[PDB]
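**Student:** Please see the structure below; I have some questions.
Bear in mind that the values in this text are calculations on the coordinates, not laboratory data. Here Cβ is always computed from backbone atoms with ideal geometry, including for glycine, and neighbour counts include all displayed protein chains.
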RNA sequence: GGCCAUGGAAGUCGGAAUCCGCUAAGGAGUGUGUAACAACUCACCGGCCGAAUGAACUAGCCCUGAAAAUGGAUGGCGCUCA
Ligand SMILES: [Mg+2]
Ligand SMILES: [Mg+2]
Ligand SMILES: [Mg+2]
Ligand SMILES: [Mg+2]
Ligand SMILES: [Mg+2]
Ligand SMILES: [Mg+2]
Ligand SMILES: [Mg+2]
Ligand SMILES: [Mg+2]
Ligand SMILES: [Mg+2]
Ligand SMILES: [Mg+2]
Ligand SMILES: [Mg+2]
Ligand SMILES: [Zn+2]
């Protein structure tokens with residue numbers, strides 16, 4: 001239908017300074033700065049005030065309009081990453097074989113080392129992405145805390161850890177072993 | 001490229017009926033040869049008359065009343081598809097009744113593969129009230145204080161080669 | 001077949017049941033629940049002779 | 001043995017799914033169409049069967 | 001068609017009970033069970049009627065009919081949120097004895 | 001904890017039933033969970049925001065349907081607001 005114009009309104013909290021130039025968004029907050037390039041999308045930005053930003057698509061078709069609220073949501077996630085942080089909690093699920101999880105450092109790189117998963121002699125290593133913090137929960141047995149400013153990196157490292165623990169050649173309805181994301185929240189509780 | 005015509009015809013007078021009723025149709029045709037042809041096409045869809053037994057009385061061009069006034073038109077259609085016969089209603093923005101019908105013919109060719117031969121124009125009405133506009137693709141141009149840019153302008157060059165980097169500002 | 005003029009007694013012996021409107025609503029609760037058994041309820045099944053006095057058949061406005 | 005709290009967390013990823021009837025795809029339970037192009041985004045779905 | 005008839009019966013029984021008794025005060029609840037509500041009306045057979053329903057229908061179906069029973073008018077801005085009605089007329093103390101009686105609490 | 005089946009089945013094994021009463025709200029119950037209940041979840045009604053929403057159908061382009069043997073043919077190159 002080629003909608004003539006479609007708009008979304010970003011909301012900037014008091015301590016956050018978004019900064020946009022040539023579709024390169026740099027969001028600054030109390031917790032730090034995050035940057036993202038959006039050169040793969042045709043959008044335009046207008047600063048309504050210091051607390052609001054208009055995001056506009058002119059004469060956009062259905063898919064190109066669909067790509068507008070995703071831009072809004074990504075920048076909002078950047079804003080809440082530098083003002084609240086992100087925290088994913090993972091629970092270790094096993095029926096028989098305890099999962100031995102350590103945070104090791106090899107070749108100057110941080111890794112998550114999973115051992116004895118379903119009794120295997122194999123040692124699983126997951127690279128920890130930059131800007132992502134791992135911690136073994138003390139308050140909970142068999143719990144890993146993945147935290148950081150960027151939601152994308154945190155959720156993708158968590159997914160890496162979950163995916164490396166997939167069960168093969170078994171009835172996965174019965175063999176429910178693995179490492180699963182149990183809680184998706186923020187560093188600053190709300 | 002079309003014109004709107006007023007075509008008036010009648011059955012040939014007989015000693016039984018020496019003044020048959022005069023029937024008029026508004027025909028959108030490229031020229032007067034097709035206008036009188038289209039007239040007989042529709043009379044034989046409605047009345048017991050033929051070209052051999054009838055007579056064309058008058059053919060006149062109907063010019064737009066306000067050709068520099070922007071209007072919204074609603075057009076009622078009856079077209080044939082590959083499978084059946086369908087009624088449809090669509091809306092067009094233009095300054096002349098003829099230019100809306102030309103847009104209509106381009107529009108049904110593109111989205112429904114309906115050729116000129118497959119379309120009957122039931123009615124063309126200028127929508128006076130903003131509440132009369134039913135379709136969103138023309139209603140979006142009736143909003144207050146409408147502004148929009150034209151991003152990514154492509155300039156047509158007379159030369160094959162240009163010595164400076166291309167731009168698309170506008 | 002009952003009432004045997006005692007279906008109110010079953011309502012007033014089970015007086016602690018249906019928190020209805022005015023006592024006769026309790027009788028309907030036994031009316032509705034006993035239909036799930038299916039016996040000689042005045043000849044047929046309930047949800048019928050119930051629905052007679054539900055709209056208003058003979059007379060049970062007992063006080 | 002897995003505690004019931006953890007068995008529901010695991011079942012969210014292993015069991016709570018819908019399956020495409022023509023090409024065998026693991027789909028979200030609420031999905032109305034299959035996401036795979038090979039089957040034509042069919043609406044012929046059915047829940048993933050459970051142990052019994 | 002059924003909803004507009006059940007809407008009509010609702011406004012019918014709303015104005016039937018409005019003139020039959022009188023004067024009502026604030027009557028709001030939350031986290032109240034269905035058996036919780038059956039307890040109050042079990043003892044409040046005839047002395048009070050538990051008028052129930054919702055919000056948006058109650059406000060406009062009375063606000064437009066502020067002609068045969070005006071008086072209220074500015075009384076409508078009171079109706080906010082989960083609010084029922086206990087149609088009665090007694091005294092500021094004689095109703096809270098029979099109504100506030102049952103309480104269900106939680107940590 | 002409806003009736004009967006049932007070792008037990010109380011809504012969530014299985015059969016006649018599918019009602020009533022309070023309700024604005026609620027099925028003799030849509031699921032997970034129990035040996036069984038319990039438990040929570042839903043069906044429907046509430047509060048909240050407030051301007052649109054759901055269903056069936058028609059036919060255009062595209063996709064699935066669409067498997068053969070030398071390497072290879074919208075004539076070739078190549079072409080995607082063509
Ligand atoms: Mg096997
Ligand atoms: Mg005829
Ligand atoms: Mg158009
Ligand atoms: Mg045009
Ligand atoms: Mg067009
Ligand atoms: Mg034809
Ligand atoms: Mg040039
Ligand atoms: Mg289609
Ligand atoms: Mg497809
Ligand atoms: Mg094809
Ligand atoms: Mg061209
Ligand atoms: Zn599929």
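**Student:** If a/c stays under 1.5 just call it rounded; otherwise compare a/b with b/c (prolate if a/b is bigger, oblate if not). Do that for the protein assembly as shown, with a ≥ b ≥ c from the square roots of the Cα gyration tensor eigenvalues.
**Tutor:** Oblate is the answer for the protein assembly as shown, as a/c is 1.5 or above yet b/c matches or exceeds a/b.
**Student:** Rounded, prolate or oblate for region A:1-97? Axes are the square roots of the Cα gyration tensor eigenvalues, ordered a ≥ b ≥ c, and the cut-off for rounded is a/c under 1.5.
**Tutor:** Working: a/c = 2.80, a/b = 1.50, b/c = 1.87.
It is oblate, given that a/c is not under 1.5 and a/b is not larger than b/c.
**Student:** 222 nm [θ] for chain B, helices only, -39500 (n - 2.57) per DSSP H run of 4+, per residue, to 500? Spell out each step's value before the answer.
**Tutor:** On the way: 3 runs with 32 residues, N = 170.
Computed mean residue ellipticity for chain B: -5500 deg cm²/dmol.
**Student:** Here's another thing I want to ask about it. How would A:160, B:131 line up from fewest to most surrounding beta-carbon atoms within 10 angstrom? All intermediate terms of the calculation are to be shown ahead of the outcome.
**Tutor:** Details: A:160 15, B:131 7.
Sorted ascending by nearby Cβ count, the order is B:131, A:160.
**Student:** Roughly how many whole Å is it from the C-alpha centroid of region B:1-31 to that of region B:82-107?
**Tutor:** 24 Å
**Student:** Give the separation of the Cα centroids, region A:41-119 to region C:41-56, in Å.
**Tutor:** 65 Å
**Student:** With an 8 Å cut-off on Cα pairs and a minimum separation of 6 or more residues, tell me the relative contact order of chain B in percent. Mind dumping the intermediate values first?
**Tutor:** Numbers: 237 pairs, mean separation 31.4, N = 170.
Dividing the mean separation by the residue count of chain B yields 18 percent.
**Student:** Let me ask something else about it. Once a ≥ b ≥ c are taken as the square roots of the eigenvalues of the Cα gyration tensor of region B:19-132, is the result rounded (a/c under 1.5), prolate (a/b larger than b/c) or oblate (a/b not larger than b/c)? Please list the in-between numbers first.
**Tutor:** Values: a/c = 2.01, a/b = 1.31, b/c = 1.54.
The shape class here is oblate.
**Student:** By count of other Cβ within 10 Å, fewest leading, how are E:75, D:51, B:127, B:108 ordered?
**Tutor:** Values: E:75 12, D:51 7, B:127 16, B:108 20.
Going from least to most buried by this count: D:51, E:75, B:127, B:108.
**Student:** Mind giving me the nanometre distance, one decimal, between the label points for residue B:126 and residue C:60, set 7 Å out from Cα along Cα→Cβ?
**Tutor:** 7.6 nm
**Student:** Can you sort B:40, B:76 by how many other beta carbons sit within 10 Å, fewest first? Before the final figure, lay out the partial values.
**Tutor:** Numbers: B:40 18, B:76 14.
Lowest count first: B:76, B:40.
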